[PDB]
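Asks: Structure file my_file-v5.txt (compact mmCIF, C-alpha atoms and all ligand atoms) right here:
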```
# COMPACT_ATOMS: atom_id res chain seq x y z
CA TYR A 1 -8.28 -1.28 3.87
CA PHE A 2 -7.97 -4.19 1.43
CA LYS A 3 -6.60 -7.22 3.23
CA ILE A 4 -5.16 -10.03 1.11
CA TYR A 5 -4.43 -13.19 3.10
CA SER A 6 -2.88 -16.14 1.31
CA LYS A 7 -1.55 -19.65 1.79
CA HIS A 8 0.23 -22.09 -0.53
CA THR A 9 -0.45 -25.75 0.21
CA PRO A 10 1.06 -28.87 -1.42
CA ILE A 11 -1.78 -31.31 -2.07
CA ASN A 12 -2.16 -34.47 -4.11
CA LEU A 13 -5.95 -34.89 -4.22
CA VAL A 14 -7.47 -35.21 -7.67
CA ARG A 15 -10.91 -33.61 -7.64
CA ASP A 16 -12.34 -31.99 -4.49
CA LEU A 17 -11.03 -29.86 -1.64
CA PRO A 18 -8.80 -31.82 0.76
CA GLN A 19 -9.85 -32.15 4.38
CA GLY A 20 -7.42 -30.57 6.80
CA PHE A 21 -6.38 -27.43 8.63
CA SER A 22 -4.23 -24.62 7.23
CA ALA A 23 -4.30 -21.09 8.65
CA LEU A 24 -3.84 -18.33 6.08
CA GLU A 25 -1.04 -15.86 6.72
CA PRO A 26 -1.66 -12.14 6.09
CA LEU A 27 0.13 -11.20 2.88
CA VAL A 28 -0.58 -7.55 2.06
CA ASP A 29 -2.77 -4.64 3.20
CA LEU A 30 -3.71 -2.21 0.44
CA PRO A 31 -4.72 1.45 0.99
CA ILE A 32 -7.42 1.50 -1.69
CA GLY A 33 -10.28 3.50 -0.09
CA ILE A 34 -12.81 2.47 -2.74
CA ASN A 35 -16.21 0.80 -2.88
CA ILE A 36 -16.20 -2.81 -4.13
CA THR A 37 -19.38 -4.87 -4.57
CA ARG A 38 -18.57 -7.22 -7.49
CA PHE A 39 -15.60 -9.34 -8.57
CA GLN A 40 -14.49 -11.51 -11.48
CA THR A 41 -11.77 -14.13 -11.85
CA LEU A 42 -9.11 -13.70 -14.55
CA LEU A 43 -8.04 -16.84 -16.40
CA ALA A 44 -5.46 -17.58 -19.08
CA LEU A 45 -6.16 -19.13 -22.47
CA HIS A 46 -4.00 -21.79 -24.11
CA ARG A 47 -3.37 -21.23 -27.81
CA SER A 48 -1.97 -23.77 -30.26
CA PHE B 1 13.67 34.83 -21.57
CA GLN B 2 17.20 36.25 -21.76
CA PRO B 3 19.93 36.17 -19.07
CA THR B 4 20.38 39.97 -19.03
CA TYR B 5 16.83 40.58 -17.76
CA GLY B 6 15.71 42.32 -14.60
CA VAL B 7 14.74 40.43 -11.46
CA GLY B 8 11.05 41.07 -12.15
CA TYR B 9 11.38 39.51 -15.60
CA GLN B 10 13.79 36.63 -14.92
CA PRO B 11 12.33 33.10 -15.21
CA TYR B 12 11.14 31.46 -12.00
CA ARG B 13 10.43 27.74 -11.72
CA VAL B 14 7.33 27.22 -9.57
CA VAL B 15 6.31 23.92 -7.99
CA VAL B 16 2.96 23.95 -6.18
CA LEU B 17 2.30 21.04 -3.85
CA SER B 18 -1.37 20.41 -3.09
CA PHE B 19 -2.19 18.37 0.02
CA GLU B 20 -5.70 16.97 0.31
CA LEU B 21 -7.29 14.58 2.78
CA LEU B 22 -9.90 12.22 1.34
CA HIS B 23 -11.85 9.42 3.04
CA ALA B 24 -9.34 6.90 1.65
CA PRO B 25 -6.48 5.91 4.02
CA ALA B 26 -3.74 8.55 3.96
CA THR B 27 -0.51 6.95 2.75
CA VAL B 28 1.94 9.82 2.04
CA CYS B 29 3.34 10.24 5.55
CA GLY B 30 6.51 11.92 6.74
CA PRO B 31 9.60 10.07 7.97
CA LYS B 32 9.17 9.34 11.67
CA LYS B 33 12.52 9.23 13.45
CA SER B 34 13.94 6.35 15.52
CA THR B 35 15.37 7.08 18.97
CA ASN B 36 18.27 4.71 19.84
CA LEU B 37 16.82 1.62 21.57
CA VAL B 38 17.66 1.30 25.28
CA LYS B 39 17.32 -2.08 26.97
CA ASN B 40 17.12 -3.35 30.58
CA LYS B 41 15.55 -0.12 31.89
CA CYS B 42 12.00 0.97 32.67
CA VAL B 43 11.34 3.20 29.64
CA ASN B 44 8.30 4.44 27.73
CA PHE B 45 8.26 2.49 24.46
CA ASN B 46 6.41 3.48 21.28
CA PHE B 47 6.73 0.72 18.66
CA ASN B 48 4.71 1.35 15.45
CA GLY B 49 2.01 3.21 17.35
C1 LIG A 101 -21.20 1.02 -2.85
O1 LIG A 101 -21.80 0.51 -4.07
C2 LIG A 101 -23.13 -0.01 -3.91
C3 LIG A 101 -23.55 -0.53 -5.26
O2 LIG A 101 -23.25 0.39 -6.30
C4 LIG A 101 -24.06 1.08 -3.38
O3 LIG A 101 -25.36 0.53 -3.17
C5 LIG A 101 -23.51 1.63 -2.07
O4 LIG A 101 -24.33 2.70 -1.61
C6 LIG A 101 -22.08 2.13 -2.27
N1 LIG A 101 -21.53 2.62 -1.01
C7 LIG A 101 -20.81 3.75 -0.92
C8 LIG A 101 -20.33 4.11 0.45
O5 LIG A 101 -20.56 4.44 -1.90
```
Just give me the structure as structure tokens.
Replies:
Amino acid sequence: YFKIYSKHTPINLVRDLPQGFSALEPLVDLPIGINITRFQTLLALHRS
Amino acid sequence: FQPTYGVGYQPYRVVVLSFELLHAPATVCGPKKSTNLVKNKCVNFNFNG
């Protein structure tokens, strides 16, 4: 089972993580049934 | 294929459904039915397992 929990939080701090409490709601459970040992973030370029 | 053929030569559309169980979580389930909810009585309830 692949559990994805998520939370959206409105913050106004400039640099670091804000200090506070926010419990993450369960968003979606995925029936994947596969081995995962590595991950990589996906970003977006800005072209001009 | 022609429409005037015998029953042993007429075209037959065949669909073969193959059901396998793998170690991944099984997700193609049948439609479980829903017995009409009864309130205010001592009943045996089964809600989502
Ligand atoms: C999952 O992948 C890792 C790294 O490839 C491997 O060491 C491990 O044995 C794998 N586990 C299964 C159950 O395939």
Asks: Once you count all atoms listed in the file, which residues end up within 10 Å of ligand LIG 101 (chain A), and could you hand them over as a list in words?
Replies: residues 34, 35, 36, 37 and 38 of chain A
Asks: Which polymer residues, protein or nucleic acid, are no farther than 12 Å from (1.0, -24.7, -0.1), counting all atoms listed in the file, as number ranges by chain?
Replies: A: 6-12, 21-25
Asks: Could you write out as a list in words the residues of chain A within 9 Å of chain B, counting all atoms listed in the file?
Replies: residues 1, 31, 32, 33 and 34 of chain A
Asks: For C-alpha atoms, I'd like the residues from the last selection saved as a compact mmCIF listing (two decimals), in the frame of the given file.
Replies:
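The result, stored in result.txt:
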```txt
# COMPACT_ATOMS: atom_id res chain seq x y z
CA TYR A 1 -8.28 -1.28 3.87
CA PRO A 31 -4.72 1.45 0.99
CA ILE A 32 -7.42 1.50 -1.69
CA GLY A 33 -10.28 3.50 -0.09
CA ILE A 34 -12.81 2.47 -2.74
```
Asks: Work out how far apart CA of residue 49 in chain B and CA of residue 34 in chain B are and give it in Å to one decimal.
Replies: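 About the pair CA of residue 49 in chain B and CA of residue 34 in chain B: they are 12.5 Å apart.
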Asks: Measure the distance from CA of residue 29 in chain A to CA of residue 4 in chain A in Å and round it to one decimal.
Replies: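 One can read the CA of residue 29 in chain A to CA of residue 4 in chain A distance as 6.3 Å.
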Asks: Go ahead and compute the interatomic distance for CA of residue 30 in chain B and CA of residue 3 in chain A, in Å to one decimal.
Replies: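 Those two atoms sit 23.5 Å apart.
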Asks: Using all atoms of range 22-35 of chain A listed in the file and a margin of 5 Å per side, can you give the axis-aligned box centre and edge lengths in Å to one decimal, as AutoDock Vina command-line options?
Replies:
```
--center_x -8.0 --center_y -10.6 --center_z 2.9 --size_x 26.3 --size_y 38.1 --size_z 21.5
```
Asks: Quick one: residues within 12 Å of residue 2 in chain B, all atoms listed in the file counted, chain neighbours fewer than 6 positions away excluded, as a PDB file with C-alpha atoms, in the frame of the given file?
Replies:
```
ATOM      1  CA  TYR B   9      11.380  39.510 -15.600  1.00  0.00           C
ATOM      2  CA  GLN B  10      13.790  36.630 -14.920  1.00  0.00           C
ATOM      3  CA  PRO B  11      12.330  33.100 -15.210  1.00  0.00           C
TER       4      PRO B  11
END
```
Asks: Kindly add N, CA, C and O atoms to the incomplete range 23-47 of chain B and provide the output as a JSON list (two decimals), in the frame of the given file.
Replies:
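Okay, rebuild09.json is ready:
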```
[["chain", "number", "residue", "atom", "x", "y", "z"],
["B", 23, "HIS", "N", -11.41, 10.49, 2.14],
["B", 23, "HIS", "CA", -11.85, 9.42, 3.04],
["B", 23, "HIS", "C", -11.05, 8.12, 2.86],
["B", 23, "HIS", "O", -11.18, 7.23, 3.70],
["B", 24, "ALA", "N", -10.26, 8.01, 1.80],
["B", 24, "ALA", "CA", -9.34, 6.90, 1.65],
["B", 24, "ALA", "C", -8.22, 7.01, 2.70],
["B", 24, "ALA", "O", -7.93, 8.10, 3.20],
["B", 25, "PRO", "N", -7.61, 5.88, 3.08],
["B", 25, "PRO", "CA", -6.48, 5.91, 4.02],
["B", 25, "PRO", "C", -5.28, 6.71, 3.52],
["B", 25, "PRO", "O", -4.78, 6.48, 2.42],
["B", 26, "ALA", "N", -4.85, 7.67, 4.33],
["B", 26, "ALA", "CA", -3.74, 8.55, 3.96],
["B", 26, "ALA", "C", -2.43, 7.76, 4.00],
["B", 26, "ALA", "O", -2.09, 7.17, 5.03],
["B", 27, "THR", "N", -1.70, 7.76, 2.89],
["B", 27, "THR", "CA", -0.51, 6.95, 2.75],
["B", 27, "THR", "C", 0.79, 7.73, 2.57],
["B", 27, "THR", "O", 1.86, 7.15, 2.78],
["B", 28, "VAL", "N", 0.73, 9.00, 2.18],
["B", 28, "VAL", "CA", 1.94, 9.82, 2.04],
["B", 28, "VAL", "C", 2.18, 10.44, 3.41],
["B", 28, "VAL", "O", 1.63, 11.49, 3.75],
["B", 29, "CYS", "N", 3.00, 9.77, 4.22],
["B", 29, "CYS", "CA", 3.34, 10.24, 5.55],
["B", 29, "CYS", "C", 4.79, 10.70, 5.57],
["B", 29, "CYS", "O", 5.58, 10.35, 4.69],
["B", 30, "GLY", "N", 5.14, 11.50, 6.58],
["B", 30, "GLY", "CA", 6.51, 11.92, 6.74],
["B", 30, "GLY", "C", 7.36, 10.84, 7.38],
["B", 30, "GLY", "O", 6.86, 9.84, 7.92],
["B", 31, "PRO", "N", 8.69, 11.02, 7.32],
["B", 31, "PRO", "CA", 9.60, 10.07, 7.97],
["B", 31, "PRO", "C", 9.68, 10.26, 9.48],
["B", 31, "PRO", "O", 10.26, 11.23, 9.98],
["B", 32, "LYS", "N", 9.08, 9.33, 10.22],
["B", 32, "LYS", "CA", 9.17, 9.34, 11.67],
["B", 32, "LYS", "C", 10.58, 8.92, 12.08],
["B", 32, "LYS", "O", 11.17, 8.03, 11.46],
["B", 33, "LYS", "N", 11.13, 9.54, 13.12],
["B", 33, "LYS", "CA", 12.52, 9.23, 13.45],
["B", 33, "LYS", "C", 12.57, 8.02, 14.38],
["B", 33, "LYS", "O", 11.55, 7.53, 14.85],
["B", 34, "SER", "N", 13.78, 7.54, 14.68],
["B", 34, "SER", "CA", 13.94, 6.35, 15.52],
["B", 34, "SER", "C", 14.96, 6.60, 16.62],
["B", 34, "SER", "O", 16.17, 6.53, 16.37],
["B", 35, "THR", "N", 14.48, 6.91, 17.82],
["B", 35, "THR", "CA", 15.37, 7.08, 18.97],
["B", 35, "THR", "C", 16.07, 5.77, 19.32],
["B", 35, "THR", "O", 15.43, 4.71, 19.32],
["B", 36, "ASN", "N", 17.39, 5.84, 19.51],
["B", 36, "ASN", "CA", 18.27, 4.71, 19.84],
["B", 36, "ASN", "C", 17.72, 3.83, 20.96],
["B", 36, "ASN", "O", 17.52, 4.32, 22.08],
["B", 37, "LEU", "N", 17.40, 2.58, 20.63],
["B", 37, "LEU", "CA", 16.82, 1.62, 21.57],
["B", 37, "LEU", "C", 17.67, 1.44, 22.83],
["B", 37, "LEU", "O", 18.88, 1.25, 22.75],
["B", 38, "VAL", "N", 17.02, 1.50, 23.99],
["B", 38, "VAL", "CA", 17.66, 1.30, 25.28],
["B", 38, "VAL", "C", 17.02, 0.10, 25.96],
["B", 38, "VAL", "O", 15.79, 0.05, 26.10],
["B", 39, "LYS", "N", 17.83, -0.86, 26.37],
["B", 39, "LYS", "CA", 17.32, -2.08, 26.97],
["B", 39, "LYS", "C", 17.64, -2.12, 28.46],
["B", 39, "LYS", "O", 18.44, -1.33, 28.97],
["B", 40, "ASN", "N", 16.94, -3.03, 29.16],
["B", 40, "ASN", "CA", 17.12, -3.35, 30.58],
["B", 40, "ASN", "C", 16.80, -2.17, 31.50],
["B", 40, "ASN", "O", 17.30, -2.11, 32.63],
["B", 41, "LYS", "N", 15.98, -1.23, 31.05],
["B", 41, "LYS", "CA", 15.55, -0.12, 31.89],
["B", 41, "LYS", "C", 14.07, 0.14, 31.68],
["B", 41, "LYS", "O", 13.51, -0.15, 30.62],
["B", 42, "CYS", "N", 13.43, 0.70, 32.71],
["B", 42, "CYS", "CA", 12.00, 0.97, 32.67],
["B", 42, "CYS", "C", 11.83, 2.25, 31.85],
["B", 42, "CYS", "O", 12.06, 3.35, 32.34],
["B", 43, "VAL", "N", 11.46, 2.09, 30.58],
["B", 43, "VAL", "CA", 11.34, 3.20, 29.64],
["B", 43, "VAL", "C", 9.95, 3.19, 29.03],
["B", 43, "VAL", "O", 9.22, 2.19, 29.07],
["B", 44, "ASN", "N", 9.56, 4.34, 28.45],
["B", 44, "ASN", "CA", 8.30, 4.44, 27.73],
["B", 44, "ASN", "C", 8.56, 4.10, 26.27],
["B", 44, "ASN", "O", 9.25, 4.84, 25.56],
["B", 45, "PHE", "N", 8.01, 2.98, 25.81],
["B", 45, "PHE", "CA", 8.26, 2.49, 24.46],
["B", 45, "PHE", "C", 7.09, 2.85, 23.56],
["B", 45, "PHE", "O", 5.93, 2.82, 23.98],
["B", 46, "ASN", "N", 7.40, 3.23, 22.32],
["B", 46, "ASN", "CA", 6.41, 3.48, 21.28],
["B", 46, "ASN", "C", 6.88, 2.74, 20.03],
["B", 46, "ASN", "O", 7.72, 3.25, 19.28],
["B", 47, "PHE", "N", 6.34, 1.55, 19.79],
["B", 47, "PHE", "CA", 6.73, 0.72, 18.66],
["B", 47, "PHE", "C", 5.55, 0.65, 17.70],
["B", 47, "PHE", "O", 4.54, 0.00, 18.00]]
```
